[PDB]
>>> print(open('start_24.cif').read())   # mmCIF, C-alpha atoms and all ligand atoms
data_final
#
loop_
_atom_site.group_PDB
_atom_site.id
_atom_site.type_symbol
_atom_site.label_atom_id
_atom_site.label_comp_id
_atom_site.auth_asym_id
_atom_site.auth_seq_id
_atom_site.Cartn_x
_atom_site.Cartn_y
_atom_site.Cartn_z
ATOM 1 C CA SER O 1 42.567 11.819 -63.542
ATOM 2 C CA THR O 2 38.740 12.378 -63.865
ATOM 3 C CA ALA O 3 36.910 11.862 -60.556
ATOM 4 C CA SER O 4 33.601 12.735 -58.921
ATOM 5 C CA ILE O 5 32.711 12.552 -55.277
ATOM 6 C CA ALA O 6 29.160 13.406 -54.298
ATOM 7 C CA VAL O 7 28.491 14.120 -50.637
ATOM 8 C CA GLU O 8 25.017 14.239 -49.216
ATOM 9 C CA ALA O 9 24.781 17.229 -46.877
ATOM 10 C CA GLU O 10 22.582 15.231 -44.425
ATOM 11 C CA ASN O 11 25.437 12.719 -44.080
ATOM 12 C CA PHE O 12 27.625 14.989 -41.839
ATOM 13 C CA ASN O 13 29.625 13.363 -39.090
ATOM 14 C CA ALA O 14 28.943 16.269 -36.737
ATOM 15 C CA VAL O 15 27.251 19.680 -36.661
ATOM 16 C CA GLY O 16 27.948 22.662 -34.407
ATOM 17 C CA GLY O 17 26.922 26.277 -33.785
ATOM 18 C CA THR O 18 25.940 28.759 -31.052
ATOM 19 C CA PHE O 19 22.887 30.461 -32.614
ATOM 20 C CA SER O 20 19.789 29.669 -30.539
ATOM 21 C CA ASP O 21 17.373 28.142 -33.039
ATOM 22 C CA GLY O 22 15.299 25.938 -30.633
ATOM 23 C CA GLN O 23 16.168 22.672 -32.380
ATOM 24 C CA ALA O 24 17.582 19.390 -30.998
ATOM 25 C CA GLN O 25 20.758 19.873 -33.047
ATOM 26 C CA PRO O 26 22.386 23.186 -34.232
ATOM 27 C CA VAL O 27 21.770 22.163 -37.860
ATOM 28 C CA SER O 28 18.763 20.065 -38.883
ATOM 29 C CA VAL O 29 17.726 17.675 -41.641
ATOM 30 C CA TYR O 30 14.553 17.971 -43.724
ATOM 31 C CA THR O 31 13.143 16.741 -47.042
ATOM 32 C CA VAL O 32 11.421 18.730 -49.776
ATOM 33 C CA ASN O 33 10.458 17.371 -53.235
ATOM 34 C CA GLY O 34 12.382 14.086 -52.564
ATOM 35 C CA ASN O 35 15.531 16.124 -51.708
ATOM 36 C CA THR O 36 16.960 15.526 -48.221
ATOM 37 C CA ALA O 37 18.852 18.586 -47.018
ATOM 38 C CA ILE O 38 20.234 20.480 -44.056
ATOM 39 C CA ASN O 39 18.464 23.636 -42.827
ATOM 40 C CA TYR O 40 18.345 25.827 -39.770
ATOM 41 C CA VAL O 41 21.879 26.833 -40.780
ATOM 42 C CA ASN O 42 22.685 30.059 -38.891
ATOM 43 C CA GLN O 43 25.711 32.368 -38.857
ATOM 44 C CA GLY O 44 28.615 30.492 -37.321
ATOM 45 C CA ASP O 45 26.993 27.027 -37.670
ATOM 46 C CA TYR O 46 28.976 24.297 -39.437
ATOM 47 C CA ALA O 47 28.755 20.718 -40.611
ATOM 48 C CA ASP O 48 31.793 18.351 -40.707
ATOM 49 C CA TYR O 49 32.341 15.554 -43.284
ATOM 50 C CA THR O 50 35.086 12.926 -43.625
ATOM 51 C CA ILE O 51 35.966 12.388 -47.304
ATOM 52 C CA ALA O 52 38.157 9.735 -48.884
ATOM 53 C CA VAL O 53 39.919 10.904 -52.014
ATOM 54 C CA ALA O 54 41.539 8.166 -54.077
ATOM 55 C CA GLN O 55 42.721 10.506 -56.852
ATOM 56 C CA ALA O 56 44.775 13.622 -56.013
ATOM 57 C CA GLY O 57 43.764 16.794 -57.841
ATOM 58 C CA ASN O 58 42.469 20.363 -57.854
ATOM 59 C CA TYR O 59 38.763 19.553 -57.422
ATOM 60 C CA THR O 60 35.974 21.920 -58.403
ATOM 61 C CA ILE O 61 33.311 22.312 -55.725
ATOM 62 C CA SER O 62 29.630 22.487 -56.667
ATOM 63 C CA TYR O 63 26.832 22.913 -54.143
ATOM 64 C CA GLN O 64 23.112 22.137 -54.522
ATOM 65 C CA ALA O 65 22.197 25.079 -52.265
ATOM 66 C CA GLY O 66 19.393 27.606 -51.685
ATOM 67 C CA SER O 67 18.796 30.521 -49.411
ATOM 68 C CA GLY O 68 15.856 32.830 -48.521
ATOM 69 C CA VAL O 69 18.027 35.721 -47.324
ATOM 70 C CA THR O 70 20.825 37.932 -48.589
ATOM 71 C CA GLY O 71 24.154 37.515 -46.727
ATOM 72 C CA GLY O 72 24.437 33.714 -46.482
ATOM 73 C CA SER O 73 27.795 32.278 -47.584
ATOM 74 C CA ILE O 74 29.234 28.773 -47.548
ATOM 75 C CA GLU O 75 32.834 28.600 -46.400
ATOM 76 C CA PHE O 76 34.618 25.307 -47.266
ATOM 77 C CA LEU O 77 37.504 24.462 -44.842
ATOM 78 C CA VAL O 78 39.850 21.507 -44.497
ATOM 79 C CA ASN O 79 41.363 20.490 -41.140
ATOM 80 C CA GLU O 80 45.108 20.460 -41.892
ATOM 81 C CA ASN O 81 46.974 18.790 -39.006
ATOM 82 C CA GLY O 82 44.557 20.089 -36.349
ATOM 83 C CA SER O 83 44.103 23.587 -37.780
ATOM 84 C CA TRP O 84 41.154 24.575 -40.002
ATOM 85 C CA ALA O 85 42.281 26.040 -43.318
ATOM 86 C CA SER O 86 39.790 28.148 -45.245
ATOM 87 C CA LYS O 87 39.618 27.225 -48.891
ATOM 88 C CA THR O 88 36.723 29.051 -50.547
ATOM 89 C CA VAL O 89 33.833 31.238 -49.500
ATOM 90 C CA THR O 90 30.748 31.385 -51.717
ATOM 91 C CA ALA O 91 27.692 33.631 -51.394
ATOM 92 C CA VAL O 92 24.497 31.713 -51.852
ATOM 93 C CA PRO O 93 21.969 33.398 -54.195
ATOM 94 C CA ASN O 94 18.696 34.356 -52.466
ATOM 95 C CA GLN O 95 16.186 32.410 -54.666
ATOM 96 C CA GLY O 96 14.120 30.620 -51.956
ATOM 97 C CA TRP O 97 15.004 28.298 -49.051
ATOM 98 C CA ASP O 98 13.826 25.122 -50.865
ATOM 99 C CA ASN O 99 14.869 26.210 -54.331
ATOM 100 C CA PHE O 100 18.199 24.355 -54.735
ATOM 101 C CA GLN O 101 20.366 25.570 -57.567
ATOM 102 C CA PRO O 102 23.819 24.446 -58.715
ATOM 103 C CA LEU O 103 26.378 26.819 -57.155
ATOM 104 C CA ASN O 104 30.028 26.995 -58.159
ATOM 105 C CA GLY O 105 32.166 26.878 -54.964
ATOM 106 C CA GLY O 106 35.587 27.299 -56.592
ATOM 107 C CA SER O 107 38.387 24.745 -56.373
ATOM 108 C CA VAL O 108 40.327 22.931 -53.685
ATOM 109 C CA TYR O 109 43.457 20.887 -53.978
ATOM 110 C CA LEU O 110 42.934 17.510 -52.354
ATOM 111 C CA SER O 111 45.762 15.013 -51.997
ATOM 112 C CA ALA O 112 45.162 11.273 -52.168
ATOM 113 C CA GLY O 113 44.022 10.326 -48.694
ATOM 114 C CA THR O 114 41.324 11.167 -46.108
ATOM 115 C CA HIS O 115 40.199 14.746 -45.443
ATOM 116 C CA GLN O 116 38.074 16.400 -42.756
ATOM 117 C CA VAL O 117 35.975 19.027 -44.568
ATOM 118 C CA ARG O 118 33.810 21.671 -42.829
ATOM 119 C CA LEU O 119 31.038 23.731 -44.394
ATOM 120 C CA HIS O 120 30.552 26.898 -42.265
ATOM 121 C CA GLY O 121 27.758 29.527 -42.250
ATOM 122 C CA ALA O 122 30.253 32.374 -42.898
ATOM 123 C CA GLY O 123 27.956 35.152 -44.149
ATOM 124 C CA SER O 124 26.695 38.222 -42.301
ATOM 125 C CA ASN O 125 23.040 37.165 -41.961
ATOM 126 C CA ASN O 126 21.672 35.374 -38.807
ATOM 127 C CA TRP O 127 20.252 32.840 -41.335
ATOM 128 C CA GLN O 128 22.525 31.365 -43.967
ATOM 129 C CA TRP O 129 21.518 28.655 -46.468
ATOM 130 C CA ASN O 130 20.072 25.160 -46.955
ATOM 131 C CA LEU O 131 22.048 22.425 -48.652
ATOM 132 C CA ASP O 132 21.040 19.282 -50.509
ATOM 133 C CA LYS O 133 24.548 18.077 -51.333
ATOM 134 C CA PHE O 134 27.890 19.055 -52.720
ATOM 135 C CA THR O 135 30.149 17.458 -55.305
ATOM 136 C CA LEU O 136 33.932 17.549 -55.759
ATOM 137 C CA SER O 137 34.907 17.098 -59.467
ATOM 138 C CA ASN O 138 38.248 16.492 -61.093
HETATM 139 O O1 LIG O 201 1.826 49.669 -32.140
HETATM 140 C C1 LIG O 201 3.150 49.107 -32.081
HETATM 141 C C2 LIG O 201 3.201 48.007 -31.010
HETATM 142 O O2 LIG O 201 2.226 47.011 -31.345
HETATM 143 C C3 LIG O 201 2.336 45.847 -30.516
HETATM 144 O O3 LIG O 201 1.100 45.107 -30.533
HETATM 145 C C4 LIG O 201 3.534 45.032 -31.024
HETATM 146 O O4 LIG O 201 3.926 44.038 -30.059
HETATM 147 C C5 LIG O 201 4.708 45.954 -31.424
HETATM 148 O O5 LIG O 201 5.998 45.370 -31.130
HETATM 149 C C6 LIG O 201 6.841 45.260 -32.295
HETATM 150 O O6 LIG O 201 6.491 44.081 -33.082
HETATM 151 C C7 LIG O 201 7.371 43.769 -34.164
HETATM 152 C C8 LIG O 201 7.737 45.013 -34.957
HETATM 153 O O7 LIG O 201 8.857 45.582 -34.235
HETATM 154 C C9 LIG O 201 9.185 44.782 -33.096
HETATM 155 C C10 LIG O 201 8.333 45.254 -31.917
HETATM 156 O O8 LIG O 201 8.529 44.400 -30.778
HETATM 157 C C11 LIG O 201 8.697 43.414 -33.511
HETATM 158 O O9 LIG O 201 9.590 42.868 -34.478
HETATM 159 C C12 LIG O 201 9.460 41.458 -34.541
HETATM 160 O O10 LIG O 201 10.094 40.861 -33.405
HETATM 161 C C13 LIG O 201 10.012 39.434 -33.314
HETATM 162 C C14 LIG O 201 10.569 38.834 -32.008
HETATM 163 O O11 LIG O 201 9.646 39.111 -30.942
HETATM 164 C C15 LIG O 201 10.753 38.876 -34.536
HETATM 165 O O12 LIG O 201 12.150 39.161 -34.409
HETATM 166 C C16 LIG O 201 10.247 39.495 -35.859
HETATM 167 O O13 LIG O 201 11.124 39.248 -36.961
HETATM 168 C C17 LIG O 201 10.704 38.068 -37.635
HETATM 169 O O14 LIG O 201 10.816 36.891 -36.797
HETATM 170 C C18 LIG O 201 10.695 35.612 -37.413
HETATM 171 C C19 LIG O 201 9.473 35.606 -38.332
HETATM 172 O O15 LIG O 201 9.913 36.126 -39.627
HETATM 173 C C20 LIG O 201 11.322 36.435 -39.455
HETATM 174 C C21 LIG O 201 11.497 37.846 -38.953
HETATM 175 O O16 LIG O 201 12.875 38.050 -38.713
HETATM 176 C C22 LIG O 201 11.843 35.436 -38.402
HETATM 177 O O17 LIG O 201 11.668 34.122 -38.863
HETATM 178 C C23 LIG O 201 12.873 33.522 -39.401
HETATM 179 O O18 LIG O 201 13.173 34.149 -40.679
HETATM 180 C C24 LIG O 201 14.307 33.578 -41.353
HETATM 181 C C25 LIG O 201 14.541 34.416 -42.607
HETATM 182 O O19 LIG O 201 14.979 35.703 -42.149
HETATM 183 C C26 LIG O 201 14.007 32.121 -41.695
HETATM 184 O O20 LIG O 201 12.901 32.069 -42.579
HETATM 185 C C27 LIG O 201 13.726 31.345 -40.384
HETATM 186 O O21 LIG O 201 13.255 30.032 -40.617
HETATM 187 C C28 LIG O 201 14.164 29.127 -41.280
HETATM 188 O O22 LIG O 201 13.913 29.224 -42.675
HETATM 189 C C29 LIG O 201 14.529 28.187 -43.488
HETATM 190 C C30 LIG O 201 15.983 27.902 -43.105
HETATM 191 O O23 LIG O 201 15.871 26.981 -42.004
HETATM 192 C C31 LIG O 201 14.494 26.626 -41.788
HETATM 193 C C32 LIG O 201 13.945 27.662 -40.794
HETATM 194 O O24 LIG O 201 12.547 27.388 -40.622
HETATM 195 C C33 LIG O 201 13.862 26.857 -43.150
HETATM 196 O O25 LIG O 201 14.231 25.813 -44.022
HETATM 197 C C34 LIG O 201 12.601 32.026 -39.594
HETATM 198 O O26 LIG O 201 12.365 31.363 -38.335
HETATM 199 C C35 LIG O 201 10.146 41.001 -35.828
HETATM 200 O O27 LIG O 201 9.549 41.480 -37.048
HETATM 201 C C36 LIG O 201 4.590 47.356 -30.803
HETATM 202 O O28 LIG O 201 5.657 48.178 -31.312
HETATM 203 CA CA CA O 202 21.200 26.571 -36.422
HETATM 204 CA CA CA O 203 20.760 15.586 -49.877
HETATM 205 CL CL CL O 204 27.249 11.006 -48.670
HETATM 206 CL CL CL O 205 37.003 32.176 -52.269
HETATM 207 CL CL CL O 206 43.462 24.640 -52.368
#
>>> encode(input="start_24.cif", output="structure tokens", more="lines below")
Ligand SMILES: OC[C@H]1O[C@@H](O)[C@H](O)[C@H](O[C@@H]2O[C@H]3CO[C@@H]([C@@H]2O)[C@@H]3O[C@@H]2O[C@H](CO)[C@H](O)[C@H](O[C@@H]3O[C@H]4CO[C@@H]([C@@H]3O)[C@@H]4O[C@@H]3O[C@H](CO)[C@H](O)[C@H](O[C@@H]4O[C@H]5CO[C@@H]([C@@H]4O)[C@@H]5O)[C@H]3O)[C@H]2O)[C@H]1O
Ligand SMILES: [Ca+2]
Ligand SMILES: [Ca+2]
Ligand SMILES: [Cl-]
Ligand SMILES: [Cl-]
Ligand SMILES: [Cl-]
Amino acid sequence: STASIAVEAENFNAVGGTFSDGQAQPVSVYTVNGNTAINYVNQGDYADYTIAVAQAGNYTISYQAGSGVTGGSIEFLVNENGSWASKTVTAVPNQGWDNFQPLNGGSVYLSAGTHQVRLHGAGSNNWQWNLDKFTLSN
């Protein structure tokens, strides 16, 4: 029942958000030290991903995330029949914008099938976090 699904944060299907950050898109892509990541993530911004899951299970979520402020949090949601369902919310340690560190994001039950997942800038700060990737492990 072991399984591992790595998702590159830059590989979102769509991004969204109201915060006026002056960029072409509400969330942007950059590279640092060979790591391609999303940045300019503000409060209320989000990134959507479509994920195929062959093996049903209670997956553990790990993020390769950094932040340069206090009050950034990653909320992981799944779109369940046209309504977003909040799964976990994880504060991101303030250890530097480009300093990605493994971050435990809790667990989420995923059935065998295809899931729309959203990562949302849920924290209190105007500025939230940068993200290299996340992994779902069973
Ligand atoms: O004698 C007094 C008077 O003197 C006059 O000469 C002055 O004009 C003065 O006026 C004051 O001046 C300052 C002090 O009080 C206010 C007053 O007007 C004024 O305060 C400043 O106001 C600015 C707007 O005009 C700003 O708000 C400024 O705050 C800063 O603005 C920028 C720069 O540093 C940050 C700070 O908030 C902010 O930058 C953003 O910071 C984020 C972290 O908080 C983050 O780094 C953002 O960048 C992102 O970082 C990572 C995630 O995504 C990317 C992205 O680049 C990257 O990977 C960053 O943009 C405020 O101090 C008279 O009183
Ligand atoms: Ca933004
Ligand atoms: Ca990446
Ligand atoms: Cl990917
Ligand atoms: Cl939680
Ligand atoms: Cl769950």
>>> resolve_selection(input="start_24.cif", expression="the PyMOL selection byres (((chain O and resi 27) around 12) and not hetatm)", output="PyMOL selection string")
chain O and resi 9-26+28-30+37-48+119-121+127-131
>>> write_last_selection(input="start_24.cif", atoms="C-alpha atoms", output="CSV table (one decimal), keeping the file's coordinate frame")
chain,number,residue,atom,x,y,z
O,9,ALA,CA,24.8,17.2,-46.9
O,10,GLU,CA,22.6,15.2,-44.4
O,11,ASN,CA,25.4,12.7,-44.1
O,12,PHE,CA,27.6,15.0,-41.8
O,13,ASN,CA,29.6,13.4,-39.1
O,14,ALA,CA,28.9,16.3,-36.7
O,15,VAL,CA,27.3,19.7,-36.7
O,16,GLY,CA,27.9,22.7,-34.4
O,17,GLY,CA,26.9,26.3,-33.8
O,18,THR,CA,25.9,28.8,-31.1
O,19,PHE,CA,22.9,30.5,-32.6
O,20,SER,CA,19.8,29.7,-30.5
O,21,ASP,CA,17.4,28.1,-33.0
O,22,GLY,CA,15.3,25.9,-30.6
O,23,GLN,CA,16.2,22.7,-32.4
O,24,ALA,CA,17.6,19.4,-31.0
O,25,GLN,CA,20.8,19.9,-33.0
O,26,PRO,CA,22.4,23.2,-34.2
O,28,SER,CA,18.8,20.1,-38.9
O,29,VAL,CA,17.7,17.7,-41.6
O,30,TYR,CA,14.6,18.0,-43.7
O,37,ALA,CA,18.9,18.6,-47.0
O,38,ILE,CA,20.2,20.5,-44.1
O,39,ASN,CA,18.5,23.6,-42.8
O,40,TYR,CA,18.3,25.8,-39.8
O,41,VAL,CA,21.9,26.8,-40.8
O,42,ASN,CA,22.7,30.1,-38.9
O,43,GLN,CA,25.7,32.4,-38.9
O,44,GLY,CA,28.6,30.5,-37.3
O,45,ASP,CA,27.0,27.0,-37.7
O,46,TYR,CA,29.0,24.3,-39.4
O,47,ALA,CA,28.8,20.7,-40.6
O,48,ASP,CA,31.8,18.4,-40.7
O,119,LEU,CA,31.0,23.7,-44.4
O,120,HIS,CA,30.6,26.9,-42.3
O,121,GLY,CA,27.8,29.5,-42.2
O,127,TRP,CA,20.3,32.8,-41.3
O,128,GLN,CA,22.5,31.4,-44.0
O,129,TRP,CA,21.5,28.7,-46.5
O,130,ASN,CA,20.1,25.2,-47.0
O,131,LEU,CA,22.0,22.4,-48.7
>>> residues_near_ligand(input="start_24.cif", ligand="ligand CL 204 (chain O)", cutoff="10 Å", atoms="all atoms listed in the file", output="MDAnalysis selection string")
chainID O and resid 5:12 49:51 133:135
>>> residues_around(input="start_24.cif", residues="residue 53 (chain O)", least_positions_apart="3", cutoff="7 Å", atoms="all atoms listed in the file", output="PDB file with C-alpha atoms, in the coordinates of the input")
ATOM      1  CA  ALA O  56      44.775  13.622 -56.013  1.00  0.00           C
ATOM      2  CA  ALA O 112      45.162  11.273 -52.168  1.00  0.00           C
ATOM      3  CA  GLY O 113      44.022  10.326 -48.694  1.00  0.00           C
ATOM      4  CA  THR O 114      41.324  11.167 -46.108  1.00  0.00           C
TER       5      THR O 114
END
>>> closest_residue(input="start_24.cif", among="O:126, O:111, O:4, O:73", to="ligand CA 202 (chain O)", atoms="only C-alpha atoms and all ligand atoms")
O:126
>>> resolve_selection(input="start_24.cif", expression="the PyMOL selection byres (((chain O and resi 93) around 10) and not hetatm)", output="list in words")
residues 65, 66, 67, 68, 69, 70, 71, 72, 73, 90, 91, 92, 94, 95, 96, 100, 101, 103 and 129 of chain O
>>> resolve_selection(input="start_24.cif", expression="the PyMOL selection byres (((not hetatm)) within 7 of (chain O and resi 206))", output="number ranges by chain")
O: 87, 107-109
>>> write_last_selection(input="start_24.cif", atoms="C-alpha atoms", output="compact mmCIF listing (two decimals), in the coordinates of the input")
# COMPACT_ATOMS: atom_id res chain seq x y z
CA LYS O 87 39.62 27.22 -48.89
CA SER O 107 38.39 24.74 -56.37
CA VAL O 108 40.33 22.93 -53.68
CA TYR O 109 43.46 20.89 -53.98
>>> closest_residue(input="start_24.cif", among="O:52, O:138, O:83, O:1", to="residue 115 (chain O)", atoms="all atoms listed in the file")
O:52
>>> closest_residue(input="start_24.cif", among="O:104, O:116, O:99, O:125", to="ligand CL 205 (chain O)", atoms="all atoms listed in the file")
O:104
>>> axis_aligned_box(input="start_24.cif", around="ligand LIG 201 (chain O)", padding_each_side="6 Å", output="JSON")
{"center_x": 8.5, "center_y": 37.7, "center_z": -37.0, "size_x": 26.9, "size_y": 35.9, "size_z": 26.0}
>>> closest_residue(input="start_24.cif", among="O:89, O:77, O:32, O:136", to="residue 57 (chain O)", atoms="only C-alpha atoms")
O:136
>>> atom_distance(input="start_24.cif", atom1="CA of residue 61 (chain O)", atom2="atom CA of ligand CA 203 (chain O)")
15.4 Å
>>> closest_residue(input="start_24.cif", among="O:110, O:86, O:123, O:117", to="residue 74 (chain O)", atoms="all atoms listed in the file")
O:123
>>> atom_distance(input="start_24.cif", atom1="atom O12 of ligand LIG 201 (chain O)", atom2="CA of residue 64 (chain O)")
28.5 Å
>>> closest_residue(input="start_24.cif", among="O:97, O:34, O:63, O:118", to="residue 75 (chain O)", atoms="only C-alpha atoms")
O:118
>>> atom_distance(input="start_24.cif", atom1="CA of residue 98 (chain O)", atom2="atom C21 of ligand LIG 201 (chain O)")
17.6 Å
>>> build_atoms(input="start_24.cif", residues="region 56-80 of chain O", atoms="N, CA, C and O atoms", output="mmCIF file, in the coordinates of the input")
data_model
loop_
_atom_site.group_PDB
_atom_site.id
_atom_site.type_symbol
_atom_site.label_atom_id
_atom_site.label_comp_id
_atom_site.auth_asym_id
_atom_site.auth_seq_id
_atom_site.Cartn_x
_atom_site.Cartn_y
_atom_site.Cartn_z
ATOM 1 N N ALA O 56 44.382 12.266 -56.385
ATOM 2 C CA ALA O 56 44.775 13.622 -56.013
ATOM 3 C C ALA O 56 44.391 14.594 -57.136
ATOM 4 O O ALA O 56 44.408 14.246 -58.324
ATOM 5 N N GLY O 57 44.017 15.818 -56.800
ATOM 6 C CA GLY O 57 43.764 16.794 -57.841
ATOM 7 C C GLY O 57 43.186 18.116 -57.321
ATOM 8 O O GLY O 57 42.951 18.264 -56.094
ATOM 9 N N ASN O 58 43.074 19.098 -58.210
ATOM 10 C CA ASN O 58 42.469 20.363 -57.854
ATOM 11 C C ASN O 58 40.986 20.229 -58.168
ATOM 12 O O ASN O 58 40.556 20.511 -59.306
ATOM 13 N N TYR O 59 40.205 19.801 -57.186
ATOM 14 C CA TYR O 59 38.763 19.553 -57.422
ATOM 15 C C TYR O 59 37.927 20.828 -57.497
ATOM 16 O O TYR O 59 38.124 21.730 -56.703
ATOM 17 N N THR O 60 36.929 20.834 -58.384
ATOM 18 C CA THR O 60 35.974 21.920 -58.403
ATOM 19 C C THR O 60 34.816 21.510 -57.486
ATOM 20 O O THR O 60 34.323 20.345 -57.528
ATOM 21 N N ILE O 61 34.364 22.485 -56.707
ATOM 22 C CA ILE O 61 33.311 22.312 -55.725
ATOM 23 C C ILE O 61 32.024 22.834 -56.349
ATOM 24 O O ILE O 61 32.010 23.951 -56.888
ATOM 25 N N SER O 62 30.973 22.019 -56.316
ATOM 26 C CA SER O 62 29.630 22.487 -56.667
ATOM 27 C C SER O 62 28.670 22.168 -55.536
ATOM 28 O O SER O 62 28.677 21.034 -55.000
ATOM 29 N N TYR O 63 27.852 23.142 -55.167
ATOM 30 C CA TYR O 63 26.832 22.913 -54.143
ATOM 31 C C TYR O 63 25.454 22.901 -54.802
ATOM 32 O O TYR O 63 25.229 23.680 -55.750
ATOM 33 N N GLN O 64 24.570 22.064 -54.273
ATOM 34 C CA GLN O 64 23.112 22.137 -54.522
ATOM 35 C C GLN O 64 22.530 22.892 -53.319
ATOM 36 O O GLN O 64 22.186 22.283 -52.310
ATOM 37 N N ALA O 65 22.472 24.226 -53.432
ATOM 38 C CA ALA O 65 22.197 25.079 -52.265
ATOM 39 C C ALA O 65 21.060 26.056 -52.608
ATOM 40 O O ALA O 65 20.871 26.407 -53.779
ATOM 41 N N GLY O 66 20.379 26.513 -51.569
ATOM 42 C CA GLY O 66 19.393 27.606 -51.685
ATOM 43 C C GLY O 66 19.501 28.515 -50.470
ATOM 44 O O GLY O 66 20.029 28.141 -49.412
ATOM 45 N N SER O 67 19.002 29.738 -50.589
ATOM 46 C CA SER O 67 18.796 30.521 -49.411
ATOM 47 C C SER O 67 17.577 31.408 -49.603
ATOM 48 O O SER O 67 17.222 31.668 -50.733
ATOM 49 N N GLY O 68 16.994 31.865 -48.499
ATOM 50 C CA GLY O 68 15.856 32.830 -48.521
ATOM 51 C C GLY O 68 16.239 34.218 -48.003
ATOM 52 O O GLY O 68 15.372 35.087 -47.842
ATOM 53 N N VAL O 69 17.523 34.430 -47.752
ATOM 54 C CA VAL O 69 18.027 35.721 -47.324
ATOM 55 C C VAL O 69 19.247 36.121 -48.160
ATOM 56 O O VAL O 69 19.831 35.288 -48.868
ATOM 57 N N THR O 70 19.596 37.407 -48.058
ATOM 58 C CA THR O 70 20.825 37.932 -48.589
ATOM 59 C C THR O 70 21.879 37.985 -47.433
ATOM 60 O O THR O 70 21.585 38.414 -46.301
ATOM 61 N N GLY O 71 23.089 37.526 -47.724
ATOM 62 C CA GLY O 71 24.154 37.515 -46.727
ATOM 63 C C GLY O 71 24.454 36.124 -46.158
ATOM 64 O O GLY O 71 25.012 36.017 -45.070
ATOM 65 N N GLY O 72 24.004 35.073 -46.856
ATOM 66 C CA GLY O 72 24.437 33.714 -46.482
ATOM 67 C C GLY O 72 25.625 33.365 -47.369
ATOM 68 O O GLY O 72 25.622 33.608 -48.589
ATOM 69 N N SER O 73 26.642 32.738 -46.780
ATOM 70 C CA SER O 73 27.795 32.278 -47.584
ATOM 71 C C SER O 73 28.252 30.935 -47.040
ATOM 72 O O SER O 73 28.291 30.737 -45.826
ATOM 73 N N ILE O 74 28.625 30.060 -47.956
ATOM 74 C CA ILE O 74 29.234 28.773 -47.548
ATOM 75 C C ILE O 74 30.755 28.878 -47.613
ATOM 76 O O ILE O 74 31.332 29.075 -48.670
ATOM 77 N N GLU O 75 31.400 28.715 -46.458
ATOM 78 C CA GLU O 75 32.834 28.600 -46.400
ATOM 79 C C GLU O 75 33.232 27.128 -46.314
ATOM 80 O O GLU O 75 32.750 26.402 -45.427
ATOM 81 N N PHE O 76 34.108 26.693 -47.220
ATOM 82 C CA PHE O 76 34.618 25.307 -47.266
ATOM 83 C C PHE O 76 36.049 25.316 -46.617
ATOM 84 O O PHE O 76 36.946 26.059 -47.088
ATOM 85 N N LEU O 77 36.229 24.550 -45.540
ATOM 86 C CA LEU O 77 37.504 24.462 -44.842
ATOM 87 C C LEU O 77 37.962 23.012 -44.818
ATOM 88 O O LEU O 77 37.129 22.080 -44.887
ATOM 89 N N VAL O 78 39.282 22.826 -44.687
ATOM 90 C CA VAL O 78 39.850 21.507 -44.497
ATOM 91 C C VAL O 78 40.734 21.566 -43.233
ATOM 92 O O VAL O 78 41.474 22.568 -43.007
ATOM 93 N N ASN O 79 40.596 20.534 -42.397
ATOM 94 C CA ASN O 79 41.363 20.490 -41.140
ATOM 95 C C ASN O 79 42.739 19.919 -41.450
ATOM 96 O O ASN O 79 42.883 18.702 -41.601
ATOM 97 N N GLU O 80 43.724 20.812 -41.557
ATOM 98 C CA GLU O 80 45.108 20.460 -41.892
ATOM 99 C C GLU O 80 45.975 20.357 -40.655
ATOM 100 O O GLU O 80 46.431 21.397 -40.117
#
